[PDB]
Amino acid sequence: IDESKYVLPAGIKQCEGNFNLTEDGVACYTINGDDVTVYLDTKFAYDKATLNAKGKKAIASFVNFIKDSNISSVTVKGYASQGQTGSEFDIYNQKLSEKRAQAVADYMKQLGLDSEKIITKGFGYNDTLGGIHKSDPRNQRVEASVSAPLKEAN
């Protein structure tokens, strides 16, 4: 006798298997029961902390979900690839990754999200993606995930 209809995050599609092994910026969702979780994987060109159009489209939809879910805070994590076999550039890439997270967060603020709701972390070329080489450009990225109950349709 149930009639309630729940609605999916706007402009975001369900995550495919290994959704982070895309070399494109993406935002996707998974459902676990009645709670939805949205992921953001924004990619960057080599040595760049600038956003591209794909990244910006993804972020905008990510933010639209945060503002609609009345979500409290989002942690924005930046990463880098390890381009060279030693540790000469570990601090360099740590800073790079921080700059990437800061880029993502700056754009979120342009979109009408408040700076207090945003926490940024850089990781350098640690936590590189599983299954690929550490120097793969897909490691050059910012990640974030938020969760919220599924909204009833209205």
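Start at 1 with the first residue shown and count on from there.
Mean CA B-factor, 29 to 37 versus 120 to 128: the higher value falls on 29 to 37. Higher mean CA temperature factor between 134 to 142 and 5 to 13: 5 to 13, per the PDB entry. Split the chain's modelled residues into thirds by C-alpha temperature factor. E98 is in the lowest one. In the PDB entry, a CA B factor belonging to the highest third of its chain's modelled residues is recorded for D68. Per-chain ranking of the deposited C-alpha B factor places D114 in the highest third.
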